[PDB]
Amino acid sequence: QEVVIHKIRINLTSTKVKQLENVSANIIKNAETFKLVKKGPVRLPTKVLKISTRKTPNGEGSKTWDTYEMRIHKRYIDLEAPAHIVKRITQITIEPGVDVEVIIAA
Amino acid sequence: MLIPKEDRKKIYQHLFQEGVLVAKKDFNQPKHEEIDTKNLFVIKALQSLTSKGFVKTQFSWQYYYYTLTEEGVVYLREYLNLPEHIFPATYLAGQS
Amino acid sequence: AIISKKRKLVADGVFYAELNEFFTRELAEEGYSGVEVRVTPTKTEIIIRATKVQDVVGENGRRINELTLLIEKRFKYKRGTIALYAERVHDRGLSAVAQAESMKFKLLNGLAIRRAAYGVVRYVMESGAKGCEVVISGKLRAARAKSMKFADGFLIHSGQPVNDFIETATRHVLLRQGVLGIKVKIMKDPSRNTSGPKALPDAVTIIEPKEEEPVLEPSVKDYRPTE
Amino acid sequence: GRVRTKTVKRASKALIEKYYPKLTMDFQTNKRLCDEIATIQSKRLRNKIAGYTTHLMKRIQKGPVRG
RNA sequence: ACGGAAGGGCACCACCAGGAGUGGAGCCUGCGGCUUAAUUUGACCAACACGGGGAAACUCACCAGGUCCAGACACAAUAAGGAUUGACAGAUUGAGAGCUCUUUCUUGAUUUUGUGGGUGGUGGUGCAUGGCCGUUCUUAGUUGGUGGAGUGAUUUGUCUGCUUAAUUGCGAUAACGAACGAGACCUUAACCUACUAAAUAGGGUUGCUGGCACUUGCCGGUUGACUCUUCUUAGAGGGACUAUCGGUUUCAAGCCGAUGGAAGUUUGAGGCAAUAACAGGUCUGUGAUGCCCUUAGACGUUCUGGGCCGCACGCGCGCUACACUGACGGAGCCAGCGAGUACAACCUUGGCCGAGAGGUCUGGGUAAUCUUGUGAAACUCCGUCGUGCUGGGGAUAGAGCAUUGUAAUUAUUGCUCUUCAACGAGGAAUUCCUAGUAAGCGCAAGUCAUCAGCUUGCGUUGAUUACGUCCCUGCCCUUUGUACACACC
Ligand SMILES: [Mg+2]
Ligand SMILES: [Mg+2]
Ligand SMILES: [Mg+2]
Ligand SMILES: [Mg+2]
Ligand SMILES: [Mg+2]
Ligand SMILES: [Mg+2]
Ligand SMILES: [Mg+2]
Ligand SMILES: [Mg+2]
Ligand SMILES: [Mg+2]
Ligand SMILES: [Mg+2]
Ligand SMILES: [Mg+2]
Ligand SMILES: [Mg+2]
Ligand SMILES: [Mg+2]
Ligand SMILES: [Mg+2]
Ligand SMILES: [Mg+2]
Ligand SMILES: [Mg+2]
Ligand SMILES: [Mg+2]
Ligand SMILES: [Mg+2]
Ligand SMILES: [Mg+2]
Ligand SMILES: [Mg+2]
Ligand SMILES: [Mg+2]
Ligand SMILES: [Mg+2]
Ligand SMILES: [Mg+2]
Ligand SMILES: [Mg+2]
Ligand SMILES: [Mg+2]
Ligand SMILES: [Mg+2]
Ligand SMILES: [Mg+2]
Ligand SMILES: [Mg+2]
Ligand SMILES: [Mg+2]
Ligand SMILES: [Mg+2]
Ligand SMILES: [Mg+2]
Ligand SMILES: [Mg+2]
Ligand SMILES: [Mg+2]
Ligand SMILES: [Mg+2]
Ligand SMILES: [Mg+2]
Ligand SMILES: [Mg+2]
């Protein structure tokens with residue numbers, strides 16, 4: 001008797017793209033397979049995590065720096081979908097690297 | 001190190017009932033975690049036991065990994081006078 | 001546990017560094033190759049790729065167990081929520097980390113430096129690698145420092161082909177007179193390098209055309225019409 | 001300073017010598033031909049290869065050339 | 001290798017034509033020297049706002065002092081009628097330190113004193129080492145396999161030309177095939193009315209309203225509805241390959257110009273970046289480390305206070321200025337990189353106080369949601385000033401009010417009033433730079449409890465002059481000479 005829609009939300013994170021996009025695509029395919037209404041995998045600005053660092057461990061040498069960075073892509077998704085199929089979807093199709101988080105928001 | 005024998009008893013009994021410790025390198029801290037005693041003589045007691053030849057130590061990122069070898073188990077069992085059919089938590093077959 | 005997502009990812013990375021360096025310290029005698037941290041909804045699986053898998057597991061499967069315990073206290077985890085897994089390396093020749101550790105071990109037993117280096121290069125190229133290289137720098141049987149370079153095949157140096165194909169490993173070896181630095185580079189076969197490009201950037205392959213006969217001039221061949 | 005180094009020239013030479021009947025005068029058609037009949041990894045190199053192939057085709061159309 | 005030898009090419013760490021400068025002044029910071037108990041130390045193009053070195057404590061490494069063992073382990077030795085530990089109160093101490101003493105009480109085999117040994121060390125040695133980085137060298141240079149020439153060290157391949165940013169190619173050829181470097185390659189910046197989509201981004205229509213106009217319209221508000229993706233996002237892709245044409249080229253590599261383009265300098269900017277080497281730097285980043293030194297009143301560790309900032313003096317990055325293209329008042333009001341609290345207390349809106357710094361009460365934000373449209377400065381408009389070291393300049397000081405901090409004196413920093421110094425565009429000399437570039441202007445981030453005049457990034461306004469040369473300083477290849485090879489120091 002879980003007919004009450006939870007207007008649930010699925011958000012993603014990663015430091016890589018192809019597996020994150022693959023997980024999002026599988027989520028959308030699962031959602032369409034059981035006739036769920038949704039807002040698409042809305043892209044979020046890739047946050048660039050940047051550190052500048054002097055290369056030389058001892059200060060001697062011509063001034064040389066470097067910049068290391070990751071990018072985090074988010075691509076949150078929300079569903080106006082039934083209960084059990086959604087939770088089953090969240091508990092399946094998980095790839096290391098991409099991190100899945102679920103918010104009921106009901 | 002001068003360790004009061006009851007805190008040393010706590011150290012030895014905990015090391016036996018499970019088998020491993022981490023003992024953050026930072027001395028002078030009030031209480032070591034899940035021991036309720038000063039971390040300093042925790043580190044020193046496991047150092048003495050390693051010098052005996054009972055604990056294998058491994059230093060990496062200041063977290064003093066400690067593991068109990070078999071002669072360590074025997075020595076702890078004789079010291080703790082606990083029956084000779086109980087093994088530390090590592091020996092339990094918590095397999096796949 | 002609530003924390004900023006960028007900080008969460010940075011913490012995940014530093015935790016992976018934690019695990020990799022700790023396992024390098026511990027399983028060095030095991031021919032350690034690598035570690036993977038997979039995160040499930042409930043369990044934090046930690047796959048260990050090492051050479052001596054059966055010794056890593058240990059008798060009755062206790063060694064891995066105690067290792068797990070350390071992790072559960074290194075990161076304040078909960079029992080069951082974390083579990084180790086020891087896996088054999090797919091091919092110990094290709095992994096530069098394992099070769100570096102193995103030939104560090106060989107150096108530890110007073111083996112000939114040149115002999116050990118050339119044996120490593122020969123084994124690596126026997127594994128199917130498209131090129132291997134070893135730098136042995138230090139006090140090679142002399143007070144003055146010197147670096148010996150052994151190589152075979154070809155090793156690229158510029159462009160992420162340096163990251164896509166050639167894998168490196170750096171190790172320190174302790175002797176009775178100083179430290180020896182060891183650098184190992186292997187350029188894997190691009191055709192066998194899955195999960196990425198399968199050739200060099202400037203590798204061009206041309207398909208050989210098929211040969212056909214044109215002479216049939218009228219050749220109005222008729223099929224049975226359908227409607 | 002566009003000189004079209006070894007790789008593009010050799011690849012275009014082999015392309016002409018193995019696929020002259022299929023090649024044309026037009027850059028875009030030869031670009032699609034390069035995509036289909038040869039596995040150029042990147043696409044900038046593909047474009048350079050097709051451009052030099054078109055240039056060599058034009059030279060051949062003008063007359064017979066060495067190499 | 002070198003040549004004040006030749007040939008051919010390159011470079012704003014070279015110059016020409018210039019721009020902005022520095023060197024003159026104040027100050028801030030970093031060196032030297034002096035001084036000191038200590039003013040801790042390493043670097044002397046490739047040391048000097050460098051060691052992320054913006055140190056009040058810590059940092060720390062120096063100095064005057066005070067603690068403790070965090071001396072494992074083995075053996076001997078005492079020793080359970082005490083190996084030992086700790087302490088109230090007083091003298092002592094800076095201390096509310098049982099550090100040391102007065103007395104006594106507590107504690108139980110962990111210890112104590114000797115031997116071996118081991119640890120700790122920002123102790124020494126980067127001229128023992130690793131790793132890393134810097135430099136030679138941002139140039140285009142290297143290498144081996146068969147083959148040829150040499151007795152040989154070596155050489156040819158790696159070159160007469162032309163071309164290229166390029167050992168980049170066209171080629172000629174005792175050279176043939178190859179490998180590394182360059183290129184290719186990734187990130188980033190463009191262009192996408194083509195696709196996928198979006199209450200964490202925007203827009204339209206229509207609601208429900210506000211105001212003004214009165215004509216149906218304008219500028220607004222609403223998390224009310226429907227709809228869309230042009231901009232904002234980010235995925236798959238497309239796009240430029242010197243494309244077409246005209247010149248010029250042993251007519252080949254290629255160069256020049258125009259047109260179409262978004263883009264025609266390799267499209268701009270970068271990231272990796274070869275062989276060989278330096279006695280280049282780092283033991284002061286490392287529980288990386290060999291050797292040497294020390295290891296009990298210690299060069300270990302901790303506590304208190306001082307110093308790393310002193311000042312007859314020289315030098316190196318910079319900041320503010322010498323004013324009219326300006327200073328000061330009002331008013332206009334424009335960004336892009338960021339960052340932001342959990343086992344802690346971050347970014348702060350908004351409302352009240354205070355003149356300000358700031359204070360207080362609440363509310364958001366673990367982040368395209370909130371600070372935030374970071375309503376930033378330069379800039380623009382209207383006025384005051386009027387060539388006067390002046391309303392420029394704001395150093396040096398006096399007094400007061402606050403914030404962080406266990407602690408602010410040797411002023412941490414911010415704010416209020418005042419004194420307002422040198423400074424008149426700076427000699428010899430010398431630095432950087434050819435397009436959204438220099439330069440002006442600020443903001444964010446790293447240092448951060450508080451502190452930048454620093455650095456790393458970002459954006460605003462945005463040019464003058466080249467589009468060349470080997471004259472100075474060097475670099476690459478070739479030829480030549482050498483009595484040089486620690487190589488013209
Ligand atoms: Mg290459
Ligand atoms: Mg390259
Ligand atoms: Mg100069
Ligand atoms: Mg000039
Ligand atoms: Mg100036
Ligand atoms: Mg000056
Ligand atoms: Mg001066
Ligand atoms: Mg000094
Ligand atoms: Mg230079
Ligand atoms: Mg300071
Ligand atoms: Mg102190
Ligand atoms: Mg200090
Ligand atoms: Mg002292
Ligand atoms: Mg130290
Ligand atoms: Mg010390
Ligand atoms: Mg050196
Ligand atoms: Mg180089
Ligand atoms: Mg030969
Ligand atoms: Mg030669
Ligand atoms: Mg669009
Ligand atoms: Mg033409
Ligand atoms: Mg470029
Ligand atoms: Mg030296
Ligand atoms: Mg030392
Ligand atoms: Mg100083
Ligand atoms: Mg400087
Ligand atoms: Mg104004
Ligand atoms: Mg903005
Ligand atoms: Mg403003
Ligand atoms: Mg005045
Ligand atoms: Mg004034
Ligand atoms: Mg100004
Ligand atoms: Mg600084
Ligand atoms: Mg020029
Ligand atoms: Mg001589
Ligand atoms: Mg002379």
# chains A, B, ... in the order shown; residues from 1 in each chain; ligands from 1

call {"tool": "interface_residues", "arguments": {"of": "chain D", "to": "chain C", "cutoff": "6 Å", "atoms": "only C-alpha atoms", "output": "list in words"}}
result
residues 37, 38, 39, 40 and 41 of chain D

call {"tool": "write_last_selection", "arguments": {"atoms": "N, CA and C atoms", "output": "CSV table (one decimal), in the first residue's frame"}}
result
chain,number,residue,atom,x,y,z
D,37,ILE,N,37.5,4.2,-44.3
D,37,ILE,CA,38.5,3.2,-44.8
D,37,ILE,C,39.8,3.2,-44.0
D,38,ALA,N,39.9,4.1,-43.0
D,38,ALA,CA,41.1,4.1,-42.2
D,38,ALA,C,40.8,4.5,-40.8
D,39,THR,N,41.4,3.9,-39.8
D,39,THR,CA,41.1,4.1,-38.4
D,39,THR,C,42.1,5.2,-37.9
D,40,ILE,N,41.9,6.4,-38.2
D,40,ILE,CA,42.7,7.5,-37.6
D,40,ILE,C,42.2,7.8,-36.2
D,41,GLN,N,43.1,7.7,-35.2
D,41,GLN,CA,42.7,7.8,-33.8
D,41,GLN,C,41.9,9.1,-33.5

call {"tool": "residues_around", "arguments": {"residues": "region 47-51 of chain C", "least_positions_apart": "5", "cutoff": "8 Å", "atoms": "only C-alpha atoms (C1' of nucleotides)", "output": "VMD selection string"}}
result
chain C and resid 30 to 38 56 84 to 89 92 98

call {"tool": "closest_residue", "arguments": {"among": "E:341, E:156, E:193, E:173", "to": "chain C", "atoms": "only C-alpha atoms (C1' of nucleotides)"}}
result
E:341

call {"tool": "residues_near_ligand", "arguments": {"ligand": "ligand 25", "cutoff": "8 Å", "atoms": "only C-alpha atoms (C1' of nucleotides) and all ligand atoms", "output": "MDAnalysis selection string"}}
result
chainID E and resid 30 53 308:309

call {"tool": "write_last_selection", "arguments": {"atoms": "C-alpha atoms (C1' of nucleotides)", "output": "PDB file, in the first residue's frame"}}
result
ATOM      1  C1'   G E  30      64.682  39.685   1.500  1.00  0.00           C
ATOM      2  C1'   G E  53      59.961  31.774   5.507  1.00  0.00           C
ATOM      3  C1'   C E 308      64.599  35.376  14.240  1.00  0.00           C
ATOM      4  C1'   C E 309      62.080  42.666  13.398  1.00  0.00           C
TER       5        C E 309
END

call {"tool": "residues_near_ligand", "arguments": {"ligand": "ligand 29", "cutoff": "12 Å", "atoms": "only C-alpha atoms (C1' of nucleotides) and all ligand atoms", "output": "PyMOL selection string"}}
result
chain E and resi 332-335+374-379+442-443

call {"tool": "interface_residues", "arguments": {"of": "chain C", "to": "chain E", "cutoff": "9 Å", "atoms": "only C-alpha atoms (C1' of nucleotides)", "output": "JSON, numbers by chain"}}
result
{"C": [1, 2, 3, 4, 5, 7, 137, 138, 139, 143, 144, 145, 153, 154, 155, 156, 157, 158, 159, 160, 161, 162, 170, 171, 172, 173, 174, 175, 176, 177, 178, 179, 180, 181, 182, 200, 201, 202]}

call {"tool": "residues_around", "arguments": {"residues": "region 70-85 of chain B", "least_positions_apart": "6", "cutoff": "9 Å", "atoms": "only C-alpha atoms (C1' of nucleotides)", "output": "list in words"}}
result
residues 9, 12, 13, 15, 16, 19, 49, 50, 52, 53, 54 and 55 of chain B

call {"tool": "write_last_selection", "arguments": {"atoms": "N, CA, C and O atoms", "output": "CSV table (one decimal), in the first residue's frame"}}
result
chain,number,residue,atom,x,y,z
B,9,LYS,N,46.9,-4.0,32.6
B,9,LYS,CA,46.0,-5.1,32.5
B,9,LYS,C,44.9,-4.8,31.4
B,9,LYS,O,44.6,-5.7,30.6
B,12,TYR,N,46.6,-5.2,27.9
B,12,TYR,CA,46.8,-6.6,27.5
B,12,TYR,C,45.5,-7.3,27.2
B,12,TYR,O,45.4,-8.0,26.3
B,13,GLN,N,44.5,-7.1,28.1
B,13,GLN,CA,43.3,-7.8,27.9
B,13,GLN,C,42.5,-7.4,26.6
B,13,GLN,O,42.0,-8.2,25.9
B,15,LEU,N,44.0,-6.1,23.8
B,15,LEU,CA,44.8,-6.6,22.7
B,15,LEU,C,44.5,-8.1,22.6
B,15,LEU,O,44.5,-8.6,21.4
B,16,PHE,N,44.3,-8.8,23.6
B,16,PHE,CA,44.0,-10.2,23.5
B,16,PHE,C,42.6,-10.4,22.9
B,16,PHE,O,42.4,-11.1,21.9
B,19,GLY,N,42.9,-8.4,19.2
B,19,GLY,CA,44.2,-8.8,18.5
B,19,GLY,C,44.9,-7.6,17.9
B,19,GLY,O,46.1,-7.8,17.5
B,49,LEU,N,56.4,-5.1,24.1
B,49,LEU,CA,55.9,-6.4,23.6
B,49,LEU,C,56.6,-6.8,22.3
B,49,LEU,O,56.9,-8.0,22.0
B,50,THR,N,56.7,-5.8,21.4
B,50,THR,CA,57.4,-6.1,20.1
B,50,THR,C,58.8,-6.4,20.3
B,50,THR,O,59.4,-7.3,19.7
B,52,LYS,N,60.0,-7.9,22.9
B,52,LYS,CA,59.9,-9.3,23.3
B,52,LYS,C,59.9,-10.2,22.1
B,52,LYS,O,60.6,-11.2,22.0
B,53,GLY,N,59.0,-9.8,21.1
B,53,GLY,CA,58.9,-10.6,19.9
B,53,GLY,C,57.4,-11.1,19.8
B,53,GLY,O,57.2,-12.1,19.1
B,54,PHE,N,56.5,-10.4,20.4
B,54,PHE,CA,55.1,-10.8,20.4
B,54,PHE,C,54.2,-10.0,19.6
B,54,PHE,O,53.1,-10.5,19.2
B,55,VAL,N,54.5,-8.8,19.2
B,55,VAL,CA,53.6,-7.9,18.4
B,55,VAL,C,54.4,-7.4,17.2
B,55,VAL,O,55.5,-6.9,17.4

call {"tool": "interface_residues", "arguments": {"of": "chain D", "to": "chain E", "cutoff": "12 Å", "atoms": "only C-alpha atoms (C1' of nucleotides)", "output": "PyMOL selection string"}}
result
chain D and resi 1-10+26-28+30-31+40-56+59+62+65-67

call {"tool": "residues_around", "arguments": {"residues": "residue 56 (chain A)", "least_positions_apart": "3", "cutoff": "12 Å", "atoms": "only C-alpha atoms (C1' of nucleotides)", "output": "PDB file with N, CA, C and O atoms (P, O5', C5', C4', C3', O3' and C1' of nucleotides), in the first residue's frame"}}
result
ATOM      1  N   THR A  53      50.820  24.585  -6.418  1.00  0.00           N
ATOM      2  CA  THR A  53      51.879  24.084  -5.559  1.00  0.00           C
ATOM      3  C   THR A  53      53.220  24.389  -6.202  1.00  0.00           C
ATOM      4  O   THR A  53      53.398  24.181  -7.404  1.00  0.00           O
ATOM      5  N   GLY A  59      62.786  25.446  -2.343  1.00  0.00           N
ATOM      6  CA  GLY A  59      62.837  26.856  -2.660  1.00  0.00           C
ATOM      7  C   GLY A  59      63.908  27.280  -3.640  1.00  0.00           C
ATOM      8  O   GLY A  59      63.819  28.384  -4.188  1.00  0.00           O
ATOM      9  N   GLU A  60      64.920  26.453  -3.881  1.00  0.00           N
ATOM     10  CA  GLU A  60      65.977  26.794  -4.818  1.00  0.00           C
ATOM     11  C   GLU A  60      65.552  26.433  -6.235  1.00  0.00           C
ATOM     12  O   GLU A  60      64.869  25.433  -6.465  1.00  0.00           O
ATOM     13  N   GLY A  61      65.973  27.251  -7.185  1.00  0.00           N
ATOM     14  CA  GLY A  61      65.586  27.077  -8.566  1.00  0.00           C
ATOM     15  C   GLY A  61      64.674  28.198  -9.037  1.00  0.00           C
ATOM     16  O   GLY A  61      64.107  28.957  -8.247  1.00  0.00           O
ATOM     17  N   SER A  62      64.551  28.306 -10.356  1.00  0.00           N
ATOM     18  CA  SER A  62      63.658  29.302 -10.927  1.00  0.00           C
ATOM     19  C   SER A  62      62.229  29.029 -10.482  1.00  0.00           C
ATOM     20  O   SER A  62      61.813  27.876 -10.353  1.00  0.00           O
ATOM     21  N   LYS A  63      61.483  30.101 -10.228  1.00  0.00           N
ATOM     22  CA  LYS A  63      60.147  29.975  -9.663  1.00  0.00           C
ATOM     23  C   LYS A  63      59.242  29.195 -10.604  1.00  0.00           C
ATOM     24  O   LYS A  63      58.856  29.695 -11.665  1.00  0.00           O
ATOM     25  N   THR A  64      58.901  27.968 -10.224  1.00  0.00           N
ATOM     26  CA  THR A  64      58.069  27.103 -11.043  1.00  0.00           C
ATOM     27  C   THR A  64      56.950  26.538 -10.187  1.00  0.00           C
ATOM     28  O   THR A  64      57.204  25.999  -9.105  1.00  0.00           O
ATOM     29  N   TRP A  65      55.722  26.660 -10.672  1.00  0.00           N
ATOM     30  CA  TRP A  65      54.540  26.195  -9.971  1.00  0.00           C
ATOM     31  C   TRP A  65      53.805  25.181 -10.831  1.00  0.00           C
ATOM     32  O   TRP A  65      54.115  24.984 -12.007  1.00  0.00           O
ATOM     33  N   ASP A  66      52.816  24.535 -10.228  1.00  0.00           N
ATOM     34  CA  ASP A  66      51.943  23.653 -10.983  1.00  0.00           C
ATOM     35  C   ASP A  66      50.552  23.699 -10.375  1.00  0.00           C
ATOM     36  O   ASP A  66      50.373  24.106  -9.226  1.00  0.00           O
TER      37      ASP A  66
ATOM     38  P     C E  50      59.210  35.666  -4.731  1.00  0.00           P
ATOM     39  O5'   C E  50      60.357  34.736  -4.142  1.00  0.00           O
ATOM     40  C5'   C E  50      60.146  33.976  -2.962  1.00  0.00           C
ATOM     41  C4'   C E  50      60.964  32.712  -2.969  1.00  0.00           C
ATOM     42  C3'   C E  50      60.854  31.839  -1.735  1.00  0.00           C
ATOM     43  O3'   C E  50      59.684  31.048  -1.716  1.00  0.00           O
ATOM     44  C1'   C E  50      63.119  32.068  -2.327  1.00  0.00           C
ATOM     45  P     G E  51      58.969  30.721  -0.320  1.00  0.00           P
ATOM     46  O5'   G E  51      59.837  29.534   0.292  1.00  0.00           O
ATOM     47  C5'   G E  51      59.894  28.275  -0.356  1.00  0.00           C
ATOM     48  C4'   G E  51      60.849  27.330   0.330  1.00  0.00           C
ATOM     49  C3'   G E  51      60.529  26.967   1.768  1.00  0.00           C
ATOM     50  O3'   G E  51      59.542  25.958   1.860  1.00  0.00           O
ATOM     51  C1'   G E  51      62.841  27.443   1.546  1.00  0.00           C
ATOM     52  P     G E  52      58.687  25.780   3.205  1.00  0.00           P
ATOM     53  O5'   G E  52      57.205  26.149   2.761  1.00  0.00           O
ATOM     54  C5'   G E  52      56.410  27.030   3.537  1.00  0.00           C
ATOM     55  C4'   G E  52      56.022  28.251   2.746  1.00  0.00           C
ATOM     56  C3'   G E  52      54.553  28.632   2.793  1.00  0.00           C
ATOM     57  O3'   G E  52      54.124  29.235   4.018  1.00  0.00           O
ATOM     58  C1'   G E  52      55.296  28.666   0.555  1.00  0.00           C
ATOM     59  P     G E 131      66.568   8.407  -7.777  1.00  0.00           P
ATOM     60  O5'   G E 131      65.332   9.151  -7.104  1.00  0.00           O
ATOM     61  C5'   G E 131      64.155   8.445  -6.739  1.00  0.00           C
ATOM     62  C4'   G E 131      63.165   9.376  -6.090  1.00  0.00           C
ATOM     63  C3'   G E 131      62.891  10.656  -6.864  1.00  0.00           C
ATOM     64  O3'   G E 131      61.857  10.484  -7.815  1.00  0.00           O
ATOM     65  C1'   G E 131      63.423  11.187  -4.623  1.00  0.00           C
ATOM     66  P     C E 132      61.890  11.274  -9.210  1.00  0.00           P
ATOM     67  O5'   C E 132      61.589  12.780  -8.801  1.00  0.00           O
ATOM     68  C5'   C E 132      60.401  13.128  -8.105  1.00  0.00           C
ATOM     69  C4'   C E 132      60.497  14.521  -7.544  1.00  0.00           C
ATOM     70  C3'   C E 132      60.967  15.578  -8.525  1.00  0.00           C
ATOM     71  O3'   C E 132      59.905  16.069  -9.320  1.00  0.00           O
ATOM     72  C1'   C E 132      62.148  15.796  -6.479  1.00  0.00           C
ATOM     73  P     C E 133      60.159  16.477 -10.848  1.00  0.00           P
ATOM     74  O5'   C E 133      60.688  17.973 -10.751  1.00  0.00           O
ATOM     75  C5'   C E 133      59.964  18.946 -10.018  1.00  0.00           C
ATOM     76  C4'   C E 133      60.870  20.037  -9.514  1.00  0.00           C
ATOM     77  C3'   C E 133      61.727  20.722 -10.560  1.00  0.00           C
ATOM     78  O3'   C E 133      61.021  21.714 -11.278  1.00  0.00           O
ATOM     79  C1'   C E 133      63.042  20.194  -8.664  1.00  0.00           C
ATOM     80  P     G E 134      61.465  22.094 -12.771  1.00  0.00           P
ATOM     81  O5'   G E 134      62.788  22.948 -12.561  1.00  0.00           O
ATOM     82  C5'   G E 134      62.760  24.151 -11.811  1.00  0.00           C
ATOM     83  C4'   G E 134      64.142  24.723 -11.642  1.00  0.00           C
ATOM     84  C3'   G E 134      64.964  24.831 -12.913  1.00  0.00           C
ATOM     85  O3'   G E 134      64.645  25.985 -13.665  1.00  0.00           O
ATOM     86  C1'   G E 134      66.278  23.877 -11.197  1.00  0.00           C
ATOM     87  P     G E 281      75.195  23.616  -4.526  1.00  0.00           P
ATOM     88  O5'   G E 281      73.654  23.514  -4.143  1.00  0.00           O
ATOM     89  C5'   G E 281      72.846  24.679  -4.094  1.00  0.00           C
ATOM     90  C4'   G E 281      71.441  24.363  -3.651  1.00  0.00           C
ATOM     91  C3'   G E 281      71.303  23.348  -2.532  1.00  0.00           C
ATOM     92  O3'   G E 281      71.532  23.910  -1.254  1.00  0.00           O
ATOM     93  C1'   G E 281      69.732  22.881  -4.238  1.00  0.00           C
ATOM     94  P     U E 282      71.954  22.969  -0.023  1.00  0.00           P
ATOM     95  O5'   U E 282      70.632  22.143   0.301  1.00  0.00           O
ATOM     96  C5'   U E 282      69.455  22.804   0.738  1.00  0.00           C
ATOM     97  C4'   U E 282      68.265  21.880   0.732  1.00  0.00           C
ATOM     98  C3'   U E 282      68.445  20.568   1.466  1.00  0.00           C
ATOM     99  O3'   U E 282      68.329  20.708   2.867  1.00  0.00           O
ATOM    100  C1'   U E 282      67.390  20.173  -0.609  1.00  0.00           C
ATOM    101  P     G E 285      63.644  21.078   4.340  1.00  0.00           P
ATOM    102  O5'   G E 285      62.710  19.870   4.792  1.00  0.00           O
ATOM    103  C5'   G E 285      61.538  20.131   5.549  1.00  0.00           C
ATOM    104  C4'   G E 285      60.529  19.018   5.446  1.00  0.00           C
ATOM    105  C3'   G E 285      61.047  17.614   5.694  1.00  0.00           C
ATOM    106  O3'   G E 285      61.169  17.320   7.072  1.00  0.00           O
ATOM    107  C1'   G E 285      59.624  17.632   3.800  1.00  0.00           C
TER     108        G E 285
END

call {"tool": "select_by_dssp", "arguments": {"residues": "region 3-188 of chain C", "states": "alpha helix (DSSP H)", "output": "PyMOL selection string"}}
result
chain C and resi 5-26+53-57+63-74+96-108+113-126+161-164

call {"tool": "atom_distance", "arguments": {"atom1": "CA of residue 67 (chain B)", "atom2": "CA of residue 20 (chain B)"}}
result
4.9 Å

call {"tool": "residues_near_ligand", "arguments": {"ligand": "ligand 22", "cutoff": "9 Å", "atoms": "only C-alpha atoms (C1' of nucleotides) and all ligand atoms", "output": "list in words"}}
result
residues 266, 268, 269 and 270 of chain E
